[PDB]
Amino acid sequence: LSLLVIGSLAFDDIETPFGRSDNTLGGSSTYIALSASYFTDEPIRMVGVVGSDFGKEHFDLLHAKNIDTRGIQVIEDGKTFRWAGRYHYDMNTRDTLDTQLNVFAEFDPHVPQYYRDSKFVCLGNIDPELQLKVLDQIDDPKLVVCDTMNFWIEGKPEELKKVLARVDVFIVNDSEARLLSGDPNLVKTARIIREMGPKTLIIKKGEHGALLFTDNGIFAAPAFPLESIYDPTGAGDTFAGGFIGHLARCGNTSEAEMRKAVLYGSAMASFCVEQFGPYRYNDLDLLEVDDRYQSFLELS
């Protein structure tokens, strides 16, 4: 039930109408790994790259969740990926103010030999060409999950479609989905997107619920009524982490398991949004996670 996580590792300058957090630890793989760690018994594997500015306090955070960082390269004198985002009163949508690929621009995604036998692969948000280069290095994956971002949907359409043709599960939010389909109807959008390759598609409408589209039909995961949203950053990636984490834990990829997996993902995302950055995970415990899952189950 080994799990390998790929994605960005970065520092974010986050702004909402109520407050801000600069130089915040972030990146899609950070959120995915921290969330998934609540499901695996063995160390989560990470492949990525950071600069010399990536302090050891950040490495200690990951190691505290028993995350294996041997696959993370540190570029001497290089700079860590940076991102700036701004939210508004709807506390869901956001503007990307700045994006500096930095070390990820010239990244050579080498997956160490001891990671090539990974069974569950999560191709987190990052350049589709890198996502593909990593996938090509995994010998026999049981399940490939992937998510992207408007940046790549608009910047590298063709490359993205190449990766979409080789993934089992594609996770997107409703904005990205409509951008990819060119039609506002989510049902038609799902069809258009699934025809690009992904057998399973999950459309997460912010913290307003998630839709699971498979050959067996549609599953609507309810929203948590009074969720306290303070910072949406990382929500979609923590969702992906709980989703693949659950599947990696039970090792079964059936329909029923994917539905429960969506519920776990929603539960993890509901905790993520409670504070700036990934810090709600500092003290979040299993009893709390189990309790939140039950709420979502009951609502579904």
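Residue numbers run from 1 along the displayed sequence.
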query	finding
219-227 versus 199-207 - which carries the larger mean C-alpha B factor in the record	219-227
65-73 versus 268-276 - greater average Cα B-factor per the deposited record	65-73
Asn185, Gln137, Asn125, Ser181, ranked by C-alpha B-factor: the highest one	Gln137
Maximum C-alpha temperature factor, selected from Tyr31, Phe39, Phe243, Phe59	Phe59
Chain-relative CA temperature factor third for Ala256	highest
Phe104, C-alpha B-factor rank within chain (lowest, middle or highest third)	highest
Record-listed C-alpha B factor of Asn23: chain third	highest
Chain-relative CA temperature factor third for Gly51	highest
B-factor third for the C-alpha atom of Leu263 within its chain	lowest
